[PDB]
Amino acid sequence: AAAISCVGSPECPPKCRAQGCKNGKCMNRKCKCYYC
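My aim in this report is to walk through the structure given alongside it, one point at a time.

### Considerations on the state of the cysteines
Put plainly, two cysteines are in a disulfide when a covalent bond ties their sulfur atoms together. By the definition in use, this model includes four disulfides. Linked covalently through their sulfurs, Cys-12 and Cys-31 form a disulfide whose S-S length is 2.0 Å. Measuring handedness by torsion sign, the sulfur bridge of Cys-12 and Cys-31 sits at about -85 degrees and is left-handed. Placement of the pair is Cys-12 in the loop between β1 (4-5) and α1 (13-16) and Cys-31 in strand β3 (residues 30-34), with a sequence separation of 19 residues. Taken individually, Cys-12 and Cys-31 each receive the classification buried, so the pair is uniform in this respect. For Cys-16, the disulfide goes to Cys-33, at an S-S distance of 2.0 Å. Measuring the twist about the S-S bond at about 90 degrees, one finds the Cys-16-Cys-33 disulfide to be right-handed. Note that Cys-16 is positioned in helix α1 and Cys-33 in strand β3, a separation of 17 residues in sequence.

Cut-offs used in this document
Residues numbered from 1 in each chain as written, not as in the entry; some residues may be left out. Heavy atoms only, no water. Disulfide = S-S within 2.5 Å. Helix = DSSP H or I, 4+ residues; strand = E, 2+ residues; numbered from the N terminus. Buried < 20%, exposed > 50% of the residue type's maximum accessible area, 1.4 Å probe, protein only.

Written out as C-alpha coordinates, the structure reads:
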(Lines give C-alpha, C1' and ligand atoms only; values in the text may rest on other atoms or scores of the structure.)
Protein backbone atom coordinates (compact mmCIF):
# COMPACT_ATOMS: atom_id res chain seq x y z
CA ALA A 1 0.00 0.00 0.00
CA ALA A 2 0.97 3.67 -0.52
CA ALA A 3 -0.64 7.16 -0.39
CA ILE A 4 -1.63 7.71 -4.09
CA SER A 5 -2.14 5.97 -7.45
CA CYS A 6 1.05 6.79 -9.42
CA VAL A 7 -0.67 6.13 -12.85
CA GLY A 8 -3.14 9.09 -12.65
CA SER A 9 -1.65 11.99 -14.70
CA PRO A 10 1.50 13.34 -12.91
CA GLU A 11 3.90 10.85 -11.21
CA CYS A 12 3.50 11.69 -7.47
CA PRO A 13 4.31 14.89 -5.43
CA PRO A 14 1.64 17.27 -7.05
CA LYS A 15 -1.03 14.50 -6.45
CA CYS A 16 -0.37 14.02 -2.65
CA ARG A 17 -1.70 17.64 -2.11
CA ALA A 18 -2.74 20.68 -4.24
CA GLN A 19 0.48 22.78 -3.79
CA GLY A 20 2.49 19.50 -4.07
CA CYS A 21 4.73 17.62 -1.63
CA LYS A 22 8.50 18.27 -1.38
CA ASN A 23 9.45 14.88 -2.97
CA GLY A 24 8.10 11.26 -3.41
CA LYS A 25 9.01 7.69 -4.58
CA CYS A 26 6.87 5.49 -6.87
CA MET A 27 7.75 1.74 -7.17
CA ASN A 28 4.76 -0.05 -8.80
CA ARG A 29 1.44 1.85 -9.48
CA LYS A 30 1.75 3.52 -6.00
CA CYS A 31 3.83 6.22 -4.23
CA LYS A 32 5.14 7.37 -0.79
CA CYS A 33 5.44 11.19 -0.30
CA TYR A 34 8.53 12.67 1.49
CA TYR A 35 9.47 15.67 3.68
CA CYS A 36 5.71 16.55 3.64
